[PDB]
Amino acid sequence: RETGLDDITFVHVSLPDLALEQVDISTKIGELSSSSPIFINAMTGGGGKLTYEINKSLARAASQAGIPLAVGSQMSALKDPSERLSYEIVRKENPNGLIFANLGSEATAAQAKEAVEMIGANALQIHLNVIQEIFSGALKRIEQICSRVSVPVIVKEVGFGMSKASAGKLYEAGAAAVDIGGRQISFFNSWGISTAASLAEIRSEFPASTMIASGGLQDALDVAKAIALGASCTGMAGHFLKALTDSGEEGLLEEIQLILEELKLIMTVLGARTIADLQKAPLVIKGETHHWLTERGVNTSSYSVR
Amino acid sequence: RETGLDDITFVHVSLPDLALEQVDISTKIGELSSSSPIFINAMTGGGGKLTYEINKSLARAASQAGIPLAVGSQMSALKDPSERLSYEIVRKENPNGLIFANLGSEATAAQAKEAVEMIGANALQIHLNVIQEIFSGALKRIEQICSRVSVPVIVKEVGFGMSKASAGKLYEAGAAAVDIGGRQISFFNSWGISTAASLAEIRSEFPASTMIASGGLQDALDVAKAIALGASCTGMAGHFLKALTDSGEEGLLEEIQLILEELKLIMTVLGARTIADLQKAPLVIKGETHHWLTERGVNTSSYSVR
Amino acid sequence: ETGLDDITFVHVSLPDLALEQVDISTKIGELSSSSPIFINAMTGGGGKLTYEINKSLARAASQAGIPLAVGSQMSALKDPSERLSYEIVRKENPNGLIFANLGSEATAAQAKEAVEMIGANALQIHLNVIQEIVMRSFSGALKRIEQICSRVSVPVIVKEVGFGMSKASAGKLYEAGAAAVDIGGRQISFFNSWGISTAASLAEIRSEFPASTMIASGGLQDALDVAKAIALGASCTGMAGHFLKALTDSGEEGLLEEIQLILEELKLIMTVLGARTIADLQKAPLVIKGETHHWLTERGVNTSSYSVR
Amino acid sequence: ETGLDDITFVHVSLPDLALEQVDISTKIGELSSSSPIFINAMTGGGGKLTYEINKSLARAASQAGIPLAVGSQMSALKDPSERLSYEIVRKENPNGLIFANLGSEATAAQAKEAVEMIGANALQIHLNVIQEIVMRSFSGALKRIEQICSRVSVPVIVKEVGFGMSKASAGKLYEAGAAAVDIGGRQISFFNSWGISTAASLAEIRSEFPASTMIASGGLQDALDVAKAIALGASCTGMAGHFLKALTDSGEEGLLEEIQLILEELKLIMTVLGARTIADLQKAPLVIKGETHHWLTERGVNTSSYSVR
Amino acid sequence: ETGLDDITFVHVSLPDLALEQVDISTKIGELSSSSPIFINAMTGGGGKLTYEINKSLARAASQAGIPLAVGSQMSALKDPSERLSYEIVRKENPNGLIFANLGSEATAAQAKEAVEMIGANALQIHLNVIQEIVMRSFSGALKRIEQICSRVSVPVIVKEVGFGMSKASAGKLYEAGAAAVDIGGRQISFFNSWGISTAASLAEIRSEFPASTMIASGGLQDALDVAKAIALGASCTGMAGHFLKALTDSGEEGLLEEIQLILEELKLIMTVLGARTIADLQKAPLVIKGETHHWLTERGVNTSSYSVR
Amino acid sequence: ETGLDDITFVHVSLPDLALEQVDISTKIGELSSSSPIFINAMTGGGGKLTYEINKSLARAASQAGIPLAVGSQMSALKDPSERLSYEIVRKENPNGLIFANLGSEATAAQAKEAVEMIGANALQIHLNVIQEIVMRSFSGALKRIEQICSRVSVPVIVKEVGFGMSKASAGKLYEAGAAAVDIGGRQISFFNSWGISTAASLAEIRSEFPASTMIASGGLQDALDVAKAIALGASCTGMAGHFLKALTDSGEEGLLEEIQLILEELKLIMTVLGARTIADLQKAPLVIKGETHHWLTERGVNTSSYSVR
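Protein chains in written order, with my numbering: chain U, 1 to 306; chain V, 307 to 612; chain R, 613 to 921; chain S, 922 to 1230; chain D, 1231 to 1539; chain G, 1540 to 1848.
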């Protein structure tokens, strides 16, 4: 379905007064500092040595390009010494880069700590997806995980968006950030909140909190729009995965460098020198996203008059 | 035509913190208590022994599933001893369940009392449908019926919806509830108020009054939306009737149990433990329903910010 | 689609016939019927409800004088209670044509029992390989049909449910002893565009077996579809849907009215075509176009003969 | 549709004709007409209003020199007042061709009276079985037409209203004595896709009766449709709609202008085709495509002859 | 539409040709051209502006080595100033092929003067009956062309503007003395669906006159349309639009680049088809479908020969 | 499109076959395969990743018993590291059929080295003129193939990537020594509607070389497309997409499940058609319609034989 980003139009800047070389795309995720506003979301894969090499290549490219790498689920690697090697390799090959651990919301605090130590993670992603998994204690388990692990915890919603009330609960539980991954199955055909509306809604209530948008971002323009809506960083999988399988590490690195240059180009045209400036770039929200936000009490005009 | 329910989108709840087994779907219709928020609307049928057996089977399934049964029109059974047997059977086969009598708005207070006694009814449905019947004294006749019968009276509008002014008049006349059954014929091609708009409109003026939605509800999601818009109970015919004719009583019972479990599933995902909670579930109204309600002075944002 | 929309009768300007002269009687093999339309009952959900529906359908069929094909009798063979729901059809309709109904897995003994259960005048054996493969084992179907035809004392109608029937299949069935064929008109995606339309099947089969009995049932929307199926060679047509709907809505009286209405609508069409009898309707000039025309042309079936006759 | 959009004239690059040399005179049987287009009046609502409309149409027809076919004279036969509304046509147009008009239920006596009422040069007998069956009894229509043709003293034109005419129907009518046929181009749903288009009827009939008179009326939108109908074999074409509209909007002067304009537009088309006379237009090379082409091919009518002539 | 989208070349998997071996030279009657594409200049608005445009087109044509057909010289015949805008074409392009241009109303004296004005190698005479009838008098056009062909000292190309050309028209023109025909591809509504497409005209004419020169101009969008027209039998093709656009946008340099590019794109298509010369492209196997296929089939033109050659 | 949607199997009502009797073994020239479907691996991005993907595909192919065609070995010929990614296929699958793969620019020495690298049972030589002309030099391709066939010790399969193959091209390849042909199904705009569909290529080639080996790969969406390609004459079919997707998503176990599933789905289709063996499926009656039917008719390929067989 749609991310809602097509309902966003930046206000054209005629005199950006900026050179492409002055553009700084460094950003922050909670207390972490990243040289890139885009990170790689690896897939869990089918395991075996193939997943091992895919992870090793993703880690090598991430290390060379200087972008963060979020591994696929470590739930099975926690009890499988062999699969564990396919995660440890990421840190061995990328000793100085940002790497995010990954477990589901069912994980215990002890599992969370183990997943973080396995790859010397700088952050931990915890995934939520009630709709697909169809409960009680989920928030409490997340609170304990945030308490027990020292690194920032990023709670990710898969496929249905996230409301401001849900983000508020996660932030109160201790989450450093939320990641909007924007016969019974029919009930959810038109269910959820789009990525664009989720970002605007959450930002209206928690202006200084960290939000990440992942999944569904097709190109640098979508990345730019998610950042303008409030995201501090964005995740991408498919495009990078395809580049790796089709052109190897060299191809993936090229694709990574490409999208980063395209984002800087867009920022240049908008006269946005830094990520902070892009997060304040004037834009107009229309269509379904506009209607949703208006009914939800979120001010849309402030995006256009800022 | 459309019920308008597609113009309703629940706000996704990421952390419902609820187990399917904690969900309570019991509700109330005026002073009556029902273990189910869904009831069966029988059709008048062609009479004869076929209607007798259909009614007997509907009554048996209703009794076993614990859901209420509203019989088809009793107008002809009032003067036909033979057809009378096809209604008396419902109470004989379902001694302890909720059964609703049914007559048209032309019925007299004496007919109303007779229809109620015929099946030991717990409530009486009185149907309105001026558009199809093309008058004076209709409301007065309904007032007398409400005065003369002790059981709660449910006034049902067939096909064109019901405005808040119309519901107000019915409540003042003594009705315990309203049921939104959402060359001259051409004039009414785009006539009426949708089920969604009727429910929202009536609820805005009579927040504590009983409303029922019947007809046009396709599945548990529609049932959930009508309840969120204010309905205390919902009626269904077609789907149950088809199940009976195609798979007998056992099939009907299965279909009944199925839709109830699907409603609980939706409630679970929304974090709504009870019907009262579902009636307060945050949602966004859009499209034609939104426009209609806005012009009619009904606050739509309160549904989204609640 | 049935493919009948690809059929267009050649307009007759001087039909020279009064509605009152129209005779719609027909023959199904050696069986004589006063109506070219019969009722296809559904198996239903069993119980007293199916019993009353079957009783009403039998009553209506008896009064309207049209044939009645019951739903599958497979379960009634071992269920005493369900059996009563089929026997009632013959008790309520002692003089009308009634067709028994079993699947191709039936044995000759089961076939005789189904016929005896309702004093049947003919027996339908249904074939539905594709539907069964989706929901296995098709070996012996023709053998079973052959054993059935030589052992029952009534004509056997072999019915294809949903995917049409080729002239080769019809030939194997007639050769095996069938008195007539009835064109009922994930892994399931494989069969989305599978099959032969009712219109193409009738034309194909008739081209090879001009004197053989064919029936079309399923998908016939109104009297015009009935007229077209007969013009393509069918001796009788079956309908279920709107007949059962009329019953549940307006009872026996409604069903009877609906049956009388479609029969009068057919006579009206025949009047406009100048077709005084079913035999004349079976020779009414018409033009075949579209998908049906292409299909028959590729299969070697002459289409222009329908238009020049 | 008339099916005329399925007809495409073969472009002539060197027509070698000046508009002034174009002759649009034609013949309808033994009748000679200076125009290949005639006015089809409507029966109207009676009273003095229909009288004045008929008078104006007769005036315009007389001045433009084109034929006039009156509306149904059935009621005027027994209504003295209505009769005046038809007699006025001949009083106002003493020298032009005027066609009388009755339905197929008419007797020979009624036919003679209708002809005498307006000093008619020909008589139209309308056939509309389908429309009458919707709104019964069609036996004897051909017999009545046969009795009429042998007893009236003028040529009879048998007109099919709305569903086209087959070559078999035309043959029965010519055999009965008709001088020409005129292709007028719930239970009612049965006839939504019923009939033969004007284009297919003209081609079918002409293939069997190359020397017989055919007329096309109804549905002709402009001079190009007129040209096409003639190229398919029609000797004359009729129009009602826009002529009556021009009358009510701009009176007699407007009607006269509209008639002169379409006649000049036809001459223009003939000029571009290099067709100096109606007989040449009737042999103008053209290609038939689509539904019309398929229909004629299935019916055994040669279509390529139109393109190679 | 030109109908060229109804043409599909049969893919050759082993063309066995290097782009460098491709020869695109062709012949137009006895005239030899190094290019199968020529420039069709427009008459323009006169004045010094048309003069410079013509000078630039002549310069580009001379350098690229392709033929140039000037705009209508009718007014330049009596206007001394306009005449300079045509003479400049031969001064600027002394060795290239240049075609003169007049309408079919031209006399033999005017034709000789137009040829002499630019030292023309051939003369185009345009026919546009329909466009002139909309905006009269077509008698004598063939006579004038016949007088012109026997009196000018160069080959005459008769061009049909917009409605295509039939094989009968082409035969009359060749019989009259034309060296080639050029298929240029209210009352105006009559001609909305009028004519023969470029593709059908080429195929029709070639079927009757296999050895005769045909040219296609107008409507050719790119090198693929050019390749297709040649495969259908054209010896040369003309283009105006994008060439004039390239001139006004990027001057002479741009026009020259655009001409070189389309010629290389044609060689590319020929390379993939294994067609080493224009003569080979004229025999390249292809399949004709759709409206064009139907048209030719009805007109008796063999279409399968194109696919089996 | 592959054109396979233009193919419709004639429904068999009495298949008389149990799924267990279905034999899907086939032959590719002298090579015997237990499966009519093989895996087409992609060249990949090299490195250890391509190595593991190739190892997994070889493992799955060995266990499922189906053939494996590797990606282009051109670079592995000079790159020692890449070479290991191909040798691993034979180490992991010692007994299965494996096809080597090089482009048409390959020499006989390179062909022998590619075969030896993986102990290949056959060698694929790919032809893709159009794709190379977009991204030059095609002379000598047939000569190179001819040199390769006489010097390698295994059968050579010549594959056309994307634009289909004509019967003339196939004849040149078989004449040159190829054991089979494989139908892989700005200036780039010229080829938007270019080519012969997979369905038309198979039918064309089979009409001229009934006993020759054809393979179809690319564009086959599911088991029904596989069944259709075989019915049109293919002995084996190749797939890449969903197999590689299953591997990356669910590893070797997932790939193996996906292969087993499509093979069972094919057996299901064959069961419903009454086709007990691949040879029977290759003779299954079917009707060809649409674009494919038109193409073959124009090319002189009999289409009705498929429907009457």
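Where is the CB? At the ideal position from N, CA and C, for every residue including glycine.
Partner residues on chain S for residue i, Cβ-Cβ distance less than 9 Å
| i | result |
| --- | --- |
| R/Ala-835 | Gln-1108 and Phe-1111 |
Chain-ordered chain D contacts of residue i [CB-CB under 7 Å]
| i | result |
| --- | --- |
| G/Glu-1699 | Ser-1243 |
Residue i at chain V interface by Cβ criterion, 8 Å
| i | result |
| --- | --- |
| U/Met-211 | no |
| R/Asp-794 | no |
| R/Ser-684 | no |
is_contact[residue i, chain D] using C-beta, thresh 8 Å
| i | result |
| --- | --- |
| S/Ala-1097 | no |
| G/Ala-1680 | yes |
| S/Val-1193 | yes |
Beta carbon proximity, residue i to chain G, threshold 8 Å
| i | result |
| --- | --- |
| U/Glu-53 | yes |
Backbone secondary structure at residue i - three-state DSSP
| i | result |
| --- | --- |
| S/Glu-951 | coil |
| D/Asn-1270 | strand |
| U/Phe-206 | coil |
| G/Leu-1666 | strand |
| S/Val-1102 | strand |
| D/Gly-1275 | coil |
| S/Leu-938 | coil |
Residues that residue i contacts on chain V, provided the C-beta gap is smaller than 7 Å
| i | result |
| --- | --- |
| U/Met-236 | Those within 7 Å of U/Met-236 in chain V number zero; the least Cβ separation is about 22 Å. |
Interface residues of chain U facing residue i [CB-CB closer than 7 Å]
| i | result |
| --- | --- |
| V/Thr-315 | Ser-190 |
| G/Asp-1788 | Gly-46 |
Closer than 8 Å at the beta carbon, the chain S residues around residue i
| i | result |
| --- | --- |
| D/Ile-1426 | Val-931 and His-932 |
Under 8 Å by beta carbon: chain R residues contacting residue i
| i | result |
| --- | --- |
| G/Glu-1804 | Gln-799 and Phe-802 |
Closer than 8 Å to chain U by CB, residue i
| i | result |
| --- | --- |
| V/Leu-599 | no |
| V/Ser-339 | no |
Neighbour list for residue i in chain U, Cβ cutoff strictly below 9 Å
| i | result |
| --- | --- |
| V/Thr-606 | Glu-295 |
is_contact[residue i, chain R] using C-beta, thresh 8 Å
| i | result |
| --- | --- |
| residue 1522 of chain G | No answer is possible for residue 1522 of chain G: the residues shown for chain G start at 1540 and end at 1848. |
>> Whether or not the segment 1716-1727 of chain G and the segment 1809-1821 of chain G are in contact is what I'm after, with contact meaning three or more pairs of Cβ atoms, one per stretch, closer than 8 Å; do they touch?
In response: no
>> I want to know whether the segment 407-416 of chain V touches the segment 444-451 of chain V - three or more CB-CB distances under 8 Å.
In response: yes
> Is the segment 429-440 of chain V touching the segment 456-475 of chain V in the sense that three or more CB pairs, one from each, lie closer than 8 Å?
Replying inline: yes
> Given 8 Å as the limit, is there contact between the segment 1377-1386 of chain D and the segment 1340-1347 of chain D, that is, 3 or more CB pairs closer than that?
Replying inline: yes
> Residue ranges of each alpha helix (DSSP H) run of no fewer than 4 residues wholly in the segment 510-590 of chain V, ordered along the chain?
Replying inline: 526-534, 544-576 and 581-584
>> Threshold first: 4 residues or longer. Then list the alpha helix (DSSP H) segments lying entirely within the segment 1360-1400 of chain D, N to C.
In response: 1371-1381
> Any contact of the segment 1603-1612 of chain G with the segment 1566-1576 of chain G, i.e. 3+ C-beta pairs under 8 Å?
Replying inline: yes
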